[PDB]
Amino acid sequence: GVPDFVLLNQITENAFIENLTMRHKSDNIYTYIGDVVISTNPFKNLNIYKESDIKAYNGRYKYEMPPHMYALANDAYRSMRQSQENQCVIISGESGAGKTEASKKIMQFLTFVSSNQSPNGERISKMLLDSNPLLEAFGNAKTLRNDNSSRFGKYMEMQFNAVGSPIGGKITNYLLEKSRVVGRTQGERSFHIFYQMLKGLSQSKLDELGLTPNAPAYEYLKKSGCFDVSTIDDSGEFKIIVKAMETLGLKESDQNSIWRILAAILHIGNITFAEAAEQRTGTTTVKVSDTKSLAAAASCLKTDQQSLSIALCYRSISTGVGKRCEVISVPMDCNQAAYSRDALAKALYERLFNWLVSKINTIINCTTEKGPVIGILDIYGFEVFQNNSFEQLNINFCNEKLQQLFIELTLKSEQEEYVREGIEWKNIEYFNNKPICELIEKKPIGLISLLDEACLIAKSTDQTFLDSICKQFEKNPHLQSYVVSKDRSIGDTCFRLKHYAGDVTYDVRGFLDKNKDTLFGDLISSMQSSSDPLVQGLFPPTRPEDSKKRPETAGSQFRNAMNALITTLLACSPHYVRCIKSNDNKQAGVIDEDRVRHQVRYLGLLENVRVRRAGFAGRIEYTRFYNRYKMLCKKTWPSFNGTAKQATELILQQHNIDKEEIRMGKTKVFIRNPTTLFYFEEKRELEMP
């Protein structure tokens, strides 16, 4: 027979893939690895999602029913039930590849288990389940790796009601990709809202916003050079977004309100410059002859057109116990001018979206009870191109922290729990804990510590900055380039950064202005002092979960954002969920060998199969091995003491077997070579006829 996976006729790497393929090819999605979930997203309806199935995975164990509930939860999720404490789940995988449908499993599992009666429960649950595709039409954009690419960090939180159902949850994001608005690769496309909005709204609505049916005319859409996409037809897709607008609770009144922000931005975006070499010598200034663009920019803000340009493009400070008189002038280069221009254009919309989703919950979130919180992680995925750059580093950097997370959990915090119980365990080949990859970019003498430092040294452009890396490193382990590693594939200006997976080379175009992020309190304060129910509203009640002190470069602000992600994950009891994509054609039956094999490769899962386990040939569990050879051993009956370490010893000591002949960890039994299985079968034969 040999069902499932842990009974393969030939326990090898090749057979593992062939089986896993046959599994997914036969509607067997969920798969286990020691005690970790591995699922996929069909992106459509399969006949395995009903009340019967959900009710089935509750009050049982893993070795009783097919893969879905993974006992690790039933144990851990119950381990804290002794302490009535809260949990948190983390999900990783390709961008927009159901991290939307992976959470669905958690929710569908959460309900019923948490619950029922209340007519105002299952009904409002519908609008909540439709909240996923809701937010995937506004903030999401397109990527060459995925179409439904979410463009905002999200750490959801699940609370509960007195009846059982949930009450609500909060949302938190970080950084937000904000270099796509001005720069991107050919073929790709910027945010959806800018294009889907055009091919839809009545021409009458466009003219009111001072718009013309022609992207090239603007700047926001000209910085790229592309306008029409071959695959997308926003003219028809627009009706799908509008159906989501009114259905939830975003009336045209609220819509126009939101558009008044973009209406301004589109009036501010037109502000382009014709390299003004005004200064006889000093530094080329920035002149705006076509003032109606800069005028319309302030018309929406209803601020002094003149003073605005004199108080932003020009920096000013005096000081003396009071708070200065702003007027003195500092015209600067185009790059810094464009930098300041964008710097505001991004953060202005970032705060809004995060405050918008909170107001979306105004007609959803409850405020009756306060209790435990089950968190769900969801962040941008590890994207892969045949040509990387800076914007990739930030995304790839998260994975370096994500791998550190697991090693901190499935290799450190968990191993310490083994010995805390006092059960047989010995440190089996522990591959580098890679804290070097963390120290290489945190404490003094580190990448971002050497990078962000260069971001401020404006006189250190890109070529000089490069030299501050090759010398600082290319000696420390786990980092190569052209010089040391004589490989022509690496340019003299580029370098070779080794992740925990493969190899990646980066360019340098725009590094500084894109990375600096430095946002002083000159572009921020302007809007705050404006007169509009939204302009100041986008800047919500001061200090939301982030106060301390305000005036300081954003270079450190973003550093705090990532630190707020790690510290809160260390001291807790996370849960692991990792998904794999079937194919890039959304086909139900087609398996791309190379692509799938690569995913299993660069994620280092089969290595855990040899580490998390221990590493050898034929493998079997303890839990699953138990309910199979029960009537073949002595003192291994329900009268067991409970102590595994003492139970396993009782299993072998009564049949006279040497200690070192076997190896016992926490889970999974380990007997080297097949012949030894015959040695066991025979040892039992010549002790009692």
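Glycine also receives a Cβ, built like all others from the backbone with ideal geometry; neighbour counts cover every protein chain displayed. No value in this document is a laboratory result; all are computed from the given coordinates.
Full extension of the chain between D592 and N641 gives 12.7 nm of extra length, using 0.36 nm per residue less the Cα-Cα distance. In terms of packing, defined here as the mean over residues of other Cβ atoms within 10 angstrom, the peptides 383-392, 420-429 line up highest first as 383-392, 420-429. Selection among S190, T21, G249 by position relative to the dipole of the chain gives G249 as farthest towards the positive end (Cβ unit charges, Cα centre).
Put in line by how crowded their Cβ is, counting other Cβ atoms within 10 Å and starting with the fewest, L129, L451 read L129, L451. Where the alpha-carbon atoms of segment 439-501 are placed on the principal axes, they occupy 32, 25, 18 Å, in descending order.
For segment 379-518, the spread of Cα coordinates along the three principal axes comes to 58, 36, 28 Å, biggest extent given first. Both radii were evaluated on the Cα set of segment 106-186; the Rg over Rh quotient, with Rh as the Kirkwood radius, amounts to 1.10. Dividing the Cα radius of gyration of segment 207-266 by 2.2 N^0.38 Å, with N the residue count, gives 1.32. With the cut-off at under 13 Å, measuring from each backbone N in segment 121-150 to a point 7 Å along the Cα-to-Cβ line of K239 picks out no residue.
Of the trypsin sites (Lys or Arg not before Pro) found in segment 454-515, those in coil by DSSP whose Cβ has at most 13 other Cβ atoms within 10 Å are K459, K471, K475, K486, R488, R509.
Using the Cβ of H655 as centre and a radius below 12 Å, the other residues enclosed give a net charge of -3, where K and R count +1 and D and E count -1.
Shape annotation for segment 209-347: C-alpha extents along the principal axes are 55, 37, 22 Å, from largest to smallest.
Each Cα pair of segment 160-271 feeds into the Kirkwood radius, which the Stokes-Einstein equation turns, at 25 °C and 0.890 mPa s, into a diffusion coefficient of 149 µm²/s. The GluC sites (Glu not before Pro) of segment 605-689 that meet both conditions, a loop assignment by DSSP and at most 15 other Cβ atoms within 10 Å of the site Cβ, are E607, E660, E661, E685, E687. Mean projected area of the convex hull spanned by the Cα atoms of segment 577-686, taken over all viewing directions: 10.1 nm².
Projecting the Cα atoms of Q472, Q84, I167 onto the charge dipole of the chain (Cβ charges, centred on the Cα centre) puts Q84 farthest toward the positive pole. With N as its number of residues, segment 272-386 has a Cα radius of gyration that, divided by 2.2 N^0.38 Å, comes to 1.63.
As an equivalent ellipsoid, segment 505-551 spans semi-axes of 29, 14, 10 angstrom, where each value is the square root of five times an eigenvalue of the C-alpha gyration tensor, largest first. The slack in the chain from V373 to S489, taken as 0.36 nm per residue of separation less the alpha-carbon distance, amounts to 36.9 nm. Each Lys or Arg adds one and each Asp or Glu subtracts one; over the other residues with Cβ under 13 Å from the Cβ of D4, this totals +3.
Here the peptides 443-450, 101-108 are ranked by packing, the mean other Cβ count within 10 Å, and the order with the highest first is 101-108, 443-450. Note on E122 and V2: the model spin-label points, each 7 Å out from Cα along the C-beta direction, lie 4.4 nm apart. Once you reduce segment 523-572 and segment 343-392 to the center of their Cα atoms, the two points are 14 Å from each other.
The stretch between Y629 and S358, if pulled fully straight at 0.36 nm per residue, gains 92.1 nm over its current Cα-Cα span. Over all orientations, segment 536-592 has a Cα convex hull whose mean projected area works out to 8.6 square nanometres. Relative to the 2.2 N^0.38 Å rule of thumb, segment 67-205 has a C-alpha radius of gyration ratio of 1.32. Over the chain, the pair-distance histogram of Cα-Cα distances with 10 Å bins from zero comes to 2, 12, 21, 23, 19, 12, 6, 3, 1, 0, 0 percent, rounded to whole numbers. Within the shell of other residues whose beta carbon sits under 14 angstrom from the beta carbon of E438, the net charge comes to +3, with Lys and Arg scored +1 and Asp and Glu -1.
Taking Cα centre as origin and charging only the Cβ of basic (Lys, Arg, +1) and acidic (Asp, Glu, -1) residues, the dipole magnitude of the chain rounds to 800 debye. Of the trypsin sites (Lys or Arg not before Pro) in segment 595-689, the ones in a loop by DSSP (not H, G, I, E or B) with at most 15 other beta carbons within 10 Å are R628, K634, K635, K659, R672, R684.
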